[PDB]
file run_9.csv (CSV, C-alpha atoms)
chain,number,residue,atom,x,y,z
T,90,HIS,CA,196.5,57.4,101.1
T,91,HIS,CA,197.7,56.8,97.4
T,92,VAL,CA,198.8,53.6,95.6
T,93,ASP,CA,199.2,52.1,92.1
T,94,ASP,CA,198.9,48.5,90.7
T,95,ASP,CA,202.3,47.6,92.3
T,96,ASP,CA,201.7,48.5,96.1
T,97,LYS,CA,197.9,48.2,96.1
T,98,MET,CA,196.2,46.9,99.3
T,99,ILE,CA,193.8,44.0,100.1
T,100,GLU,CA,190.4,45.3,100.9
T,101,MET,CA,188.1,43.0,103.0
T,102,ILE,CA,184.4,42.9,101.9
T,103,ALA,CA,183.0,40.1,104.1
T,104,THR,CA,184.3,37.0,105.9
T,105,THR,CA,183.5,34.4,108.4
T,106,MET,CA,187.1,33.2,108.7
T,107,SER,CA,189.5,33.6,111.6
T,108,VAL,CA,191.9,36.4,111.4
T,109,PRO,CA,195.0,34.2,110.9
T,110,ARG,CA,193.2,32.4,107.9
T,111,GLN,CA,192.1,35.7,106.4
T,112,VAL,CA,195.8,36.7,106.4
T,113,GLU,CA,197.0,33.4,104.8
T,114,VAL,CA,194.3,33.4,102.1
T,115,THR,CA,194.8,37.0,101.1
T,116,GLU,CA,198.6,36.8,101.0
T,117,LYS,CA,198.3,33.7,98.8
T,118,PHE,CA,195.9,35.5,96.5
T,119,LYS,CA,198.4,38.5,96.3
T,120,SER,CA,201.3,36.2,95.3
T,121,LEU,CA,199.2,34.2,92.8
T,122,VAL,CA,197.9,37.3,91.0
T,123,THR,CA,201.3,39.0,91.0
T,124,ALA,CA,203.2,35.9,89.6
T,125,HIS,CA,200.7,35.9,86.6
T,126,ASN,CA,201.2,39.7,86.1
T,127,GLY,CA,197.4,40.3,86.9
T,128,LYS,CA,196.4,39.2,83.3
T,129,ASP,CA,192.7,38.5,82.8
T,130,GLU,CA,193.1,35.3,80.7
T,131,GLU,CA,195.3,34.0,83.6
T,132,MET,CA,192.5,34.3,86.2
T,133,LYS,CA,190.9,30.8,85.7
T,134,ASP,CA,194.4,29.5,86.8
T,135,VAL,CA,194.5,31.8,89.8
T,136,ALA,CA,190.9,30.6,90.7
T,137,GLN,CA,192.1,27.0,90.4
T,138,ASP,CA,195.3,27.4,92.5
T,139,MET,CA,193.3,29.3,95.2
T,140,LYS,CA,190.8,26.3,95.4
T,141,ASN,CA,193.6,23.7,95.5
T,142,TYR,CA,195.7,25.6,98.2
T,143,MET,CA,192.6,25.9,100.4
T,144,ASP,CA,191.4,22.3,99.9
T,145,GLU,CA,195.0,21.1,101.0
T,146,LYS,CA,195.3,23.6,103.9
T,147,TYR,CA,191.7,23.7,105.3
T,148,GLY,CA,190.1,20.6,103.9
T,149,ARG,CA,187.7,20.2,101.0
T,150,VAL,CA,185.6,21.3,99.1
T,151,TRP,CA,186.3,25.0,98.3
T,152,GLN,CA,184.8,27.1,95.4
T,153,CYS,CA,186.6,30.2,94.2
T,154,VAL,CA,185.1,32.8,91.9
T,155,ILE,CA,187.1,35.8,90.7
T,156,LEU,CA,185.4,38.8,89.2
T,157,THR,CA,185.3,42.4,88.4
T,158,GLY,CA,181.9,44.1,88.7
T,159,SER,CA,179.1,43.7,91.2
T,160,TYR,CA,177.8,40.4,92.6
T,161,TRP,CA,175.0,39.0,94.8
T,162,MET,CA,175.4,35.4,96.0
T,163,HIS,CA,173.8,32.6,98.0
T,164,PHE,CA,175.0,29.2,99.2
T,165,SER,CA,173.7,28.6,102.7
T,166,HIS,CA,171.7,30.0,105.7
T,167,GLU,CA,174.0,27.7,107.7
T,168,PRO,CA,177.4,28.8,108.9
T,169,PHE,CA,180.2,28.1,106.4
T,170,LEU,CA,183.7,29.4,105.9
T,171,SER,CA,183.8,32.1,103.3
T,172,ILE,CA,185.9,35.1,102.4
T,173,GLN,CA,185.2,37.9,100.0
T,174,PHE,CA,187.9,40.5,99.3
T,175,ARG,CA,189.1,42.9,96.7
T,176,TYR,CA,192.7,43.2,95.3
T,177,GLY,CA,192.8,46.0,92.9
T,178,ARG,CA,190.3,45.3,90.1
T,179,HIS,CA,189.8,41.7,91.1
T,180,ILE,CA,187.3,40.5,93.7
T,181,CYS,CA,187.9,37.0,95.1
T,182,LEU,CA,184.9,35.0,96.5
T,183,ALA,CA,185.9,31.7,98.1
T,184,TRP,CA,183.9,29.5,100.3
T,185,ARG,CA,183.6,26.0,101.5
T,186,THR,CA,180.8,23.5,101.2
T,187,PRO,CA,180.2,20.2,103.1
S,90,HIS,CA,167.6,41.9,65.9
S,91,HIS,CA,166.7,44.8,68.4
S,92,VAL,CA,165.2,44.5,71.9
S,93,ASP,CA,164.9,46.5,75.2
S,94,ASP,CA,164.8,45.7,78.9
S,95,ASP,CA,161.2,44.3,78.5
S,96,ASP,CA,161.6,41.7,75.6
S,97,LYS,CA,165.3,41.0,76.1
S,98,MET,CA,166.6,37.4,75.4
S,99,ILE,CA,168.4,34.7,77.5
S,100,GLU,CA,171.9,34.3,76.2
S,101,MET,CA,173.7,31.0,77.1
S,102,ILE,CA,177.3,31.2,78.1
S,103,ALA,CA,178.2,27.7,79.2
S,104,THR,CA,176.2,24.7,80.5
S,105,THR,CA,176.5,21.0,81.3
S,106,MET,CA,172.8,20.6,81.8
S,107,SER,CA,170.2,18.8,79.6
S,108,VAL,CA,168.3,21.0,77.2
S,109,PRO,CA,165.0,20.6,79.1
S,110,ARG,CA,166.6,21.7,82.4
S,111,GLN,CA,168.3,24.7,80.7
S,112,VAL,CA,164.9,25.8,79.6
S,113,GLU,CA,163.3,25.4,83.1
S,114,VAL,CA,166.2,27.1,84.9
S,115,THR,CA,166.3,30.1,82.5
S,116,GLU,CA,162.5,30.7,82.4
S,117,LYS,CA,162.5,30.6,86.2
S,118,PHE,CA,165.3,33.2,86.3
S,119,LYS,CA,163.3,35.3,83.8
S,120,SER,CA,160.2,35.3,86.0
S,121,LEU,CA,162.1,35.9,89.3
S,122,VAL,CA,164.0,38.9,87.9
S,123,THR,CA,160.9,40.4,86.3
S,124,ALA,CA,158.8,40.1,89.4
S,125,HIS,CA,161.5,42.1,91.3
S,126,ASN,CA,161.6,44.7,88.5
S,127,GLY,CA,165.3,43.9,87.9
S,128,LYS,CA,166.4,45.9,90.9
S,129,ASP,CA,170.0,45.4,92.1
S,130,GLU,CA,169.2,45.4,95.9
S,131,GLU,CA,166.7,42.6,95.0
S,132,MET,CA,169.4,40.2,93.5
S,133,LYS,CA,170.4,38.5,96.7
S,134,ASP,CA,166.7,37.4,97.0
S,135,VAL,CA,166.7,36.2,93.3
S,136,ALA,CA,170.0,34.3,94.0
S,137,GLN,CA,168.3,32.7,97.1
S,138,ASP,CA,165.1,31.6,95.2
S,139,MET,CA,167.1,30.2,92.3
S,140,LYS,CA,169.1,28.1,94.8
S,141,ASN,CA,165.9,26.9,96.6
S,142,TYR,CA,164.0,26.1,93.3
S,143,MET,CA,166.9,24.0,92.1
S,144,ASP,CA,167.5,22.2,95.4
S,145,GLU,CA,163.8,21.2,95.4
S,146,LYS,CA,163.6,20.3,91.7
S,147,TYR,CA,167.1,18.7,91.1
S,148,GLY,CA,168.3,17.8,94.6
S,149,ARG,CA,170.8,19.6,96.8
S,150,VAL,CA,173.2,21.4,97.1
S,151,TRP,CA,173.1,24.3,94.5
S,152,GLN,CA,175.1,27.6,94.6
S,153,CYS,CA,173.9,30.6,92.7
S,154,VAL,CA,175.9,33.7,92.0
S,155,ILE,CA,174.5,36.7,90.1
S,156,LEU,CA,176.8,39.4,88.7
S,157,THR,CA,177.5,42.1,86.2
S,158,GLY,CA,181.0,42.3,84.9
S,159,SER,CA,183.5,39.6,84.0
S,160,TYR,CA,184.2,36.4,86.0
S,161,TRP,CA,186.6,33.4,86.1
S,162,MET,CA,185.6,30.4,88.2
S,163,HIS,CA,186.6,27.0,89.5
S,164,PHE,CA,184.8,24.3,91.5
S,165,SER,CA,185.8,20.9,90.0
S,166,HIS,CA,187.6,19.0,87.3
S,167,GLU,CA,184.9,16.4,87.8
S,168,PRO,CA,181.6,16.5,85.9
S,169,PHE,CA,179.0,18.6,87.8
S,170,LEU,CA,175.7,20.2,86.7
S,171,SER,CA,176.3,23.9,86.0
S,172,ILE,CA,174.7,26.6,84.0
S,173,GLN,CA,176.0,30.1,83.1
S,174,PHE,CA,173.8,32.5,81.2
S,175,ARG,CA,173.1,36.2,80.7
S,176,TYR,CA,169.7,37.9,81.0
S,177,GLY,CA,170.2,41.6,80.1
S,178,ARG,CA,172.8,43.0,82.5
S,179,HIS,CA,172.7,40.1,84.9
S,180,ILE,CA,174.8,36.9,84.6
S,181,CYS,CA,173.6,33.9,86.5
S,182,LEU,CA,176.1,31.3,87.6
S,183,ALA,CA,174.5,28.2,89.2
S,184,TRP,CA,176.0,24.8,89.9
S,185,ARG,CA,175.7,21.8,92.0
S,186,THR,CA,178.1,20.3,94.5
S,187,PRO,CA,178.1,16.8,96.1

call {"tool": "encode", "arguments": {"input": "run_9.csv", "output": "structure tokens"}}
result
Amino acid sequence: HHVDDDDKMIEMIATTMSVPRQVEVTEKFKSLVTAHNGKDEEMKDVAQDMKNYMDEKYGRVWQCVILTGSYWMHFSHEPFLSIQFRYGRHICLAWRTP
Amino acid sequence: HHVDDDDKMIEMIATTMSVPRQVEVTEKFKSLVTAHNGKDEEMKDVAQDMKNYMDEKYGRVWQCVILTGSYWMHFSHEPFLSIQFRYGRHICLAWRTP
């Protein structure tokens, strides 16, 4: 019912990934953001480590965008692996391109 | 000095594109957003037409993200064509991947 910035939850927005990958990707984001104390000038580094973790673990090439606010996007009409989720104030968009 | 939502200006954030392409890409964004009256539920379509215009005019594959708010991103340490700019409340991120 009621959290704060310590025990806040991951909220899925949209994904085409398998359940087990959704869990890995979101737990990784959780630990990366927490390590850096959630600082905003640290988010470029979080975006970088997300992209590297996923390149290594699911093959290349991933894009990662972190934001606060609203967004509208387009990459492909084709199927591709993507995930969009919220962790507190940050929204992570990650997806893979051929 | 002073504008409104009709004669608002394009504000460059970051780019690796040539001057003449910056001009083409930003004028295109201007006309696409203006046609759709700047509506927010229209922005997915604007993101789509941006991506298609650039695929056709500069070769594939482009990604386009439109947002309001703050953002931190990562695709590559390598050189790639990208552009980030603001038009009023909307921020356009567009870049090309091999």

call {"tool": "interface_residues", "arguments": {"input": "run_9.csv", "of": "chain T", "to": "chain S", "cutoff": "6 Å", "atoms": "all atoms listed in the file", "output": "ChimeraX atom specification"}}
result
/T:132-133,136-137,152-164

call {"tool": "write_last_selection", "arguments": {"input": "run_9.csv", "atoms": "C-alpha atoms", "output": "compact mmCIF listing (two decimals), keeping the file's coordinate frame"}}
result
# COMPACT_ATOMS: atom_id res chain seq x y z
CA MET T 132 192.50 34.30 86.20
CA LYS T 133 190.90 30.80 85.70
CA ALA T 136 190.90 30.60 90.70
CA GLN T 137 192.10 27.00 90.40
CA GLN T 152 184.80 27.10 95.40
CA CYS T 153 186.60 30.20 94.20
CA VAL T 154 185.10 32.80 91.90
CA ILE T 155 187.10 35.80 90.70
CA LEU T 156 185.40 38.80 89.20
CA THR T 157 185.30 42.40 88.40
CA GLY T 158 181.90 44.10 88.70
CA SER T 159 179.10 43.70 91.20
CA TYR T 160 177.80 40.40 92.60
CA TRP T 161 175.00 39.00 94.80
CA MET T 162 175.40 35.40 96.00
CA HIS T 163 173.80 32.60 98.00
CA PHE T 164 175.00 29.20 99.20

call {"tool": "atom_distance", "arguments": {"input": "run_9.csv", "atom1": "CA of residue 106 in chain T", "atom2": "CA of residue 170 in chain T"}}
result
5.8 Å

call {"tool": "calpha_fit_and_write", "arguments": {"input": "run_9.csv", "fixed": "chain S", "moving": "chain T", "output": "short mmCIF file (atom, residue, chain, number, x, y, z; two decimals) with C-alpha atoms, keeping the file's coordinate frame"}}
result
data_model
loop_
_atom_site.label_atom_id
_atom_site.label_comp_id
_atom_site.auth_asym_id
_atom_site.auth_seq_id
_atom_site.Cartn_x
_atom_site.Cartn_y
_atom_site.Cartn_z
CA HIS T 90 167.65 41.90 65.84
CA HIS T 91 166.66 44.74 68.39
CA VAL T 92 165.24 44.55 71.94
CA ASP T 93 164.89 46.59 75.16
CA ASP T 94 164.76 45.64 78.91
CA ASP T 95 161.15 44.34 78.45
CA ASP T 96 161.59 41.68 75.56
CA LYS T 97 165.29 40.95 76.10
CA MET T 98 166.53 37.36 75.42
CA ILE T 99 168.40 34.72 77.49
CA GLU T 100 171.89 34.30 76.23
CA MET T 101 173.65 30.95 77.06
CA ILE T 102 177.37 31.24 78.06
CA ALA T 103 178.17 27.66 79.16
CA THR T 104 176.29 24.64 80.53
CA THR T 105 176.50 21.02 81.24
CA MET T 106 172.75 20.63 81.76
CA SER T 107 170.22 18.86 79.57
CA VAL T 108 168.28 20.97 77.23
CA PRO T 109 164.94 20.59 79.07
CA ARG T 110 166.68 21.73 82.41
CA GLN T 111 168.36 24.65 80.69
CA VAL T 112 164.86 25.77 79.59
CA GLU T 113 163.31 25.37 83.11
CA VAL T 114 166.18 27.16 84.88
CA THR T 115 166.30 30.09 82.51
CA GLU T 116 162.53 30.62 82.43
CA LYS T 117 162.54 30.60 86.25
CA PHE T 118 165.35 33.13 86.31
CA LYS T 119 163.34 35.36 83.80
CA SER T 120 160.22 35.30 86.02
CA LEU T 121 162.18 35.88 89.26
CA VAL T 122 164.06 38.90 87.89
CA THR T 123 160.96 40.37 86.25
CA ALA T 124 158.74 40.03 89.43
CA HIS T 125 161.43 42.09 91.37
CA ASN T 126 161.54 44.72 88.54
CA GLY T 127 165.31 43.85 87.88
CA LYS T 128 166.41 45.99 90.94
CA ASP T 129 169.99 45.45 92.08
CA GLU T 130 169.29 45.40 95.86
CA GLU T 131 166.70 42.64 95.06
CA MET T 132 169.31 40.29 93.53
CA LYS T 133 170.41 38.47 96.78
CA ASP T 134 166.68 37.36 96.92
CA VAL T 135 166.69 36.25 93.31
CA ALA T 136 169.99 34.31 94.03
CA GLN T 137 168.30 32.69 97.03
CA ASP T 138 165.04 31.69 95.24
CA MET T 139 167.09 30.28 92.29
CA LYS T 140 169.09 28.05 94.80
CA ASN T 141 165.94 26.91 96.63
CA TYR T 142 163.94 26.11 93.36
CA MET T 143 166.88 24.03 92.08
CA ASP T 144 167.56 22.22 95.38
CA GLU T 145 163.75 21.18 95.43
CA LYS T 146 163.61 20.29 91.70
CA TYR T 147 167.06 18.68 91.08
CA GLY T 148 168.29 17.82 94.53
CA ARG T 149 170.82 19.59 96.72
CA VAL T 150 173.20 21.44 97.10
CA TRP T 151 173.12 24.29 94.51
CA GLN T 152 175.13 27.61 94.61
CA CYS T 153 173.91 30.61 92.65
CA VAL T 154 175.95 33.72 92.00
CA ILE T 155 174.51 36.69 90.11
CA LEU T 156 176.75 39.36 88.68
CA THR T 157 177.44 42.03 86.24
CA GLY T 158 181.02 42.25 84.95
CA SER T 159 183.53 39.58 84.03
CA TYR T 160 184.22 36.38 85.99
CA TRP T 161 186.60 33.39 86.07
CA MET T 162 185.58 30.44 88.26
CA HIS T 163 186.59 26.99 89.49
CA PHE T 164 184.81 24.27 91.45
CA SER T 165 185.74 20.90 90.01
CA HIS T 166 187.69 18.97 87.28
CA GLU T 167 184.92 16.38 87.81
CA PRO T 168 181.64 16.54 85.96
CA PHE T 169 178.97 18.58 87.76
CA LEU T 170 175.75 20.24 86.73
CA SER T 171 176.25 23.89 86.04
CA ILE T 172 174.69 26.64 83.97
CA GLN T 173 175.98 30.06 83.15
CA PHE T 174 173.76 32.51 81.25
CA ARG T 175 173.13 36.15 80.72
CA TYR T 176 169.74 37.99 81.01
CA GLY T 177 170.24 41.54 80.13
CA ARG T 178 172.81 43.04 82.52
CA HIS T 179 172.69 40.11 84.89
CA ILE T 180 174.78 36.95 84.54
CA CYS T 181 173.56 33.93 86.52
CA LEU T 182 176.12 31.21 87.56
CA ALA T 183 174.52 28.19 89.23
CA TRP T 184 176.00 24.87 89.89
CA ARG T 185 175.68 21.87 92.05
CA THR T 186 178.09 20.28 94.46
CA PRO T 187 178.05 16.78 96.08
#

call {"tool": "atom_distance", "arguments": {"input": "run_9.csv", "atom1": "CA of residue 116 in chain S", "atom2": "CA of residue 169 in chain S"}}
result
21.2 Å

call {"tool": "atom_distance", "arguments": {"input": "run_9.csv", "atom1": "CA of residue 125 in chain S", "atom2": "CA of residue 144 in chain S"}}
result
21.2 Å

call {"tool": "closest_residue", "arguments": {"input": "run_9.csv", "among": "T:119, T:175, T:128, T:91", "to": "residue 104 in chain T", "atoms": "all atoms listed in the file"}}
result
T:175
